[PDB]
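These notes are about the structure you will find just below.
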Ligand SMILES: *[C@@H]1O[C@H](CO[C@@H]2O[C@@H](C)[C@@H](O)[C@@H](O)[C@@H]2O)[C@@H](O[C@@H]2O[C@H](CO)[C@@H](O)[C@H](O)[C@H]2NC(C)=O)[C@H](O)[C@H]1NC(C)=O
Ligand SMILES: *[C@@H]1O[C@H](CO)[C@@H](O)[C@H](O)[C@H]1NC(C)=O
Ligand SMILES: *[C@@H]1O[C@H](CO)[C@@H](O)[C@H](O)[C@H]1NC(C)=O
Ligand SMILES: *[C@@H]1O[C@H](CO)[C@@H](O)[C@H](O)[C@H]1NC(C)=O
Ligand SMILES: *[C@@H]1O[C@H](CO)[C@@H](O)[C@H](O)[C@H]1NC(C)=O
Ligand SMILES: *[C@@H]1O[C@H](CO)[C@@H](O)[C@H](O)[C@H]1NC(C)=O
Ligand SMILES: *[C@@H]1O[C@H](CO)[C@@H](O)[C@H](O)[C@H]1NC(C)=O
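Residue numbers (PDB author numbering), protein chains in the order written: chain H, 4 to 52, 52A, 53 to 74, 76B to 76G, 77 to 82, 82A to 82C, 83 to 135, 140 to 221; chain L, 2 to 103, 109 to 213; chain G, 44 to 124, 198 to 301, 325 to 355, 357 to 400, 411 to 461, 464 to 492.
As structure tokens, this is what we get:
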């Protein structure tokens, strides 16, 4: 099951996610769509038969979802589609297309063994913006830490490497948090011996691909 | 139909036996089990109460009847520590997370004053580190001139670093430039459990 | 003493050699003349488990009806995904005839004489018969036509009601006629008359029998949420013409005791370009024939799929599609076993 790449939308918009199907009789099996909304658990949205395309949408997503089937003798071929209108802020998460994998006939129509690679969708009022870098200068007795503060950027992700590589010891790149401004921010610290200050150079490399922003930030003690 | 997964988080040593629950509201049916490791899509383990799928070790043992169900892992592997969901048709559980248990670890609390380059943006952010600790139950307070903050700081804790199964966390206190220049002392009280005294790292405005 | 087994059955009917009708042409060579004196031995103090959703008799009948349509109904051009099959498409008389299924030497069909039996549980009052009763192989969606009514009260049939991915079969206790009509001179415009005064009276009984299986909550009906035209509207074949009837004001109901102008009419259209239920793709037929096309059928069953999610109300939408479920509406009380 192959879906489209990651997509980001504005609130009140719509998103079309495809789901390539092969290696199984599509007309006899179903394709369910399940989204993983963070801290809320897996949510089943609906399934789609390949025969006549009967659909069963979840009640709490009416007038927002619509699933269409595509087909083509090697039958198996075809693509499933998920349309998600009425985008809010709480619809951000991983959206999977799931299907009962090649196994037993006893397996019900909800025992999904096969899962797609997943489609990440982020919906907010924010726009693409390069990150700002603030150095976290180490304090002033034995093994102190230093790091970089990646604040105000959108969207995910950001890759942080130290000294252009060759420095992957005690490095902690924390997961991003969503501020009230609607922009992400995270920290990336590195623990370092207090005797190696002033003699060793410490440089962090913050990269932001979606806004084509690259930053080589240096950190000096106080 | 309500699927209640308890306890939500379980600390198990690599080799011990884990036991998850899935007490449903309406019985007379079966239950499935799904495993999800971070970075990879959820995987089916058990379907129809107690039946394994293709390419699944026998250490995963399912059982239960009526409303009470249970997933048991005989001798937990180091790759079994993940998020587990149970399913009845369309309904799921909130999920339980298998945790690597270890001895307690005192966090090394560090504090970082906002850069002068940052102050030119009109805002100021001071952060705490307290990296490498166990378990992930910490309490950062943020006190500026003996004044407690509540609603202007965000923390971010990393998952267990497999090389020692420890945490980190990072609380960031963000303020404006005007409010930052008004005060002097910026503290960071940390109440874990390692050492009976709450470790506090602070700095005064200037240097 | 017997065991659940499976074998190749032979069909039986009353096909007439003089008839040029499709089903009569098929059933005169593929079937045998109906036995004039069928015997039936009633047996008590004997129980037996049935399962219509795992019945081999259905798959055989399915394989016979699909052969009936591949033998006669030849469209003008037929698409094979990328290639075309252009043949001749002459009009023909289309009217399904009762077809009985019997067992060869060594096998016997068991019949469940239990009145309110749905098709999954055990039967206490079971009889043995050589052949099945008159079953009309009518291909239709949403509404079941020309079938058998319930023995006494409405029977709810489903593989599993708790599963929303399984179609539901309703066994009506009282029938409702449909007066479908394609007047001759506006040529595409068709009709479908249903007595609305007795429809909301028979549809409420369906809900109340369904409300017993759902913790005393209200039940609402609505048109299907999507799919091809063969499933989104009332699809059935009459007089060789493929009808497509919109049933919006038909499933425009809510349930307490009962809830829902002239009697309810269903706007229908005739499409020459249809999707075959043989599963080979889309085909195009010859344009409709002149004259008054009238198809008086009987509503005896409804095919539903429970709209499920995170609910206190249950929503039921029409839509069968799989015609294998249509045969199960009648072959529910039949099962082939092997003698000793
Ligand atoms: C969770 O684990 C702790 C620690 O056990 C240890 O650390 C592991 C990495 C492994 O190396 C074991 O061999 C270690 O023993 C358990 O700690 C117990 O704590 C009590 C009181 O502090 C002490 O008296 C016991 O000796 C400790 N256990 C052992 C085996 O020495 C703790 O019980 C575990 N809890 C759970 C729920 O698993
Ligand atoms: C069907 O429902 C029955 C109870 O109504 C239950 O025992 C059975 O496990 C269900 N089957 C499936 C495949 O869900
Ligand atoms: C069993 O069914 C037969 C015919 O269906 C009927 O004549 C008979 O009375 C039934 N048995 C009982 C005990 O009612
Ligand atoms: C059919 O009737 C049996 C009674 O033996 C019952 O157990 C089963 O749940 C019923 N199934 C449906 C779908 O009503
Ligand atoms: C049936 O008619 C209604 C109007 O009452 C329309 O909204 C609906 O789309 C139609 N369904 C079809 C054509 O399948
Ligand atoms: C039921 O019919 C009314 C008008 O008769 C219509 O407004 C409404 O949309 C219908 N309900 C549906 C189609 O679910
Ligand atoms: C049902 O039977 C009647 C009378 O036998 C017939 O007129 C009608 O065409 C049949 N229905 C279908 C869909 O053929």
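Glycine is no exception: its CB is placed at the ideal position from the N, C-alpha and C atoms.
Sheet register partners of residue i (DSSP bridge)
i                      : result
residue 287 of chain G : G/271, G/451
residue 172 of chain H : H/187
residue 85 of chain G  : G/243
residue 97 of chain L  : L/85
Reduced DSSP category for residue i - H, G, I as helix; E, B as strand; rest coil
i                      : result
residue 109 of chain G : helix
residue 20 of chain L  : strand
residue 103 of chain L : coil
residue 208 of chain L : coil
residue 346 of chain G : helix
residue 234 of chain G : coil
residue 167 of chain L : strand
residue 66 of chain G  : helix
residue 92 of chain G  : strand
residue 114 of chain H : strand
residue 396 of chain G : coil
residue 38 of chain L  : coil
residue 193 of chain L : strand
residue 389 of chain G : coil
residue 84 of chain H  : helix
residue 208 of chain H : coil
Assigned exposure category for residue i - 16 Cβ within 10 Å defines buried
i                      : result
residue 154 of chain H : buried
residue 39 of chain H  : buried
residue 425 of chain G : buried
residue 463 of chain G : A gap in chain G, from 461 straight to 464, means residue 463 of chain G has no coordinates in the model shown.
residue 352 of chain G : exposed
residue 474 of chain G : buried
residue 61 of chain H  : exposed
residue 104 of chain H : buried
residue 327 of chain G : exposed
residue 273 of chain G : buried
residue 83 of chain H  : exposed
residue 393 of chain G : buried
residue 5 of chain H   : exposed
residue 86 of chain H  : buried
residue 131 of chain L : buried
residue 80 of chain H  : buried
residue 357 of chain G : exposed
residue 57 of chain H  : buried
residue 281 of chain G : buried
Exercise for review: Return the residues of the segment 53 to 67 of chain H that lie within a Cβ-Cβ distance of less than 8 Å from chain G, sorted by chain order.
Suggested key: 53, 54, 55, 56, 57, 58, 59, 60, 61, 62, 63
Review point. Does the segment 181 to 198 of chain L come within contact of the segment 141 to 151 of chain L, defined as at least 3 CB pairs closer than 8 Å?
Key: With a cut-off of 8 Å, the segment 141 to 151 of chain L and the segment 181 to 198 of chain L count as touching, because enough Cβ pairs lie within range.
Point to revise | Contacting positions in the segment 23 to 34 of chain L - beta carbon closer than 8 Å to chain G | key: 30
Review point. Can we say the segment 441 to 455 of chain G touches the segment 250 to 269 of chain G, given the rule of at least three CB pairs closer than 8 Å?
Key: yes
Point to revise | Contacting positions in the segment 14 to 34 of chain H - beta carbon closer than 7 Å to chain G | key: 30, 33
Check your understanding: Hey, is the segment 34 to 41 of chain L in contact with the segment 201 to 211 of chain H, meaning 3+ C-beta pairs nearer than 8 Å?
Key -> no
**Study point:** Proximal residues, the segment 122 to 135 of chain L versus chain H, C-beta separation under 8 Å
**Key:** 123, 124, 127, 131, 133, 135
**Study point:** chain G contacts made by the segment 84 to 104 of chain H, where a contact means CB separation under 9 Å
**Key:** 103, 104
Check your understanding: Residues in the segment 261 to 286 of chain G with C-beta within 7 Å of chain L's C-beta atoms, listed in sequence order?
Key -> 278, 279, 280
Exercise for review: Closer than 8 Å, Cβ to Cβ, to anything on chain L: give me those residues from the segment 231 to 257 of chain G, in chain order.
Suggested key: none
Exercise for review: Could you name the residues of the segment 79 to 101 of chain L whose beta carbon sits closer than 7 Å to any beta carbon of chain H, in the order they occur along the chain?
Suggested key: 86, 88, 90, 91, 93, 94, 95, 96
Point to revise | the segment 15 to 22 of chain L contacting the segment 73 to 85 of chain L, beta-carbon criterion three pairs below 8 Å | key: yes
Review point. So does the segment 53 to 64 of chain G actually touch the segment 209 to 225 of chain G, counting three or more Cβ pairs closer than 8 Å?
Key: yes
Review point. So, do the segment 135 to 145 of chain L and the segment 87 to 99 of chain L have three or more beta carbon pairs nearer to each other than 8 Å?
Key: no
Check your understanding: Looking at chain H, which residues of the segment 367 to 396 of chain G have a Cβ within less than 8 Å of any of its Cβ atoms?
Key -> 367, 368, 370, 371
Check your understanding: In chain order, what residues of the segment 175 to 187 of chain H put their CB closer than 8 Å to some CB of chain L?
Key -> Cβ contacts with chain L: 175, 176, 178, 184, 185, 186.
Point to revise | Residues, ordered as in the chain, of the segment 106 to 133 of chain H that lie near chain L by beta-carbon distance below 9 Å | key: 106, 107, 108, 109, 110, 111, 112, 113, 127, 128, 129, 130, 131, 132, 133
Check your understanding: Does the segment 184 to 198 of chain H come close enough to the segment 160 to 171 of chain H to have 3 or more Cβ pairs within less than 8 Å?
Key -> yes
**Study point:** Short-range partners of chain L found in the segment 195 to 214 of chain H, where Cβ spacing is below 9 Å
**Key:** From the segment 195 to 214 of chain H, no residue has a Cβ closer than 9 Å to chain L.
Exercise for review: Please confirm if the segment 64 to 71 of chain L is in contact with the segment 149 to 160 of chain L, defined as three or more CB-CB distances below 8 Å between the two stretches.
Suggested key: No, they do not touch.
Point to revise | Contact list for the segment 34 to 51 of chain H against chain L, Cβ threshold 7 Å | key: 44, 45, 47
**Study point:** the segment 108 to 122 of chain G touching the segment 428 to 442 of chain G, judged by at least three CB pairs closer than 8 Å
**Key:** yes
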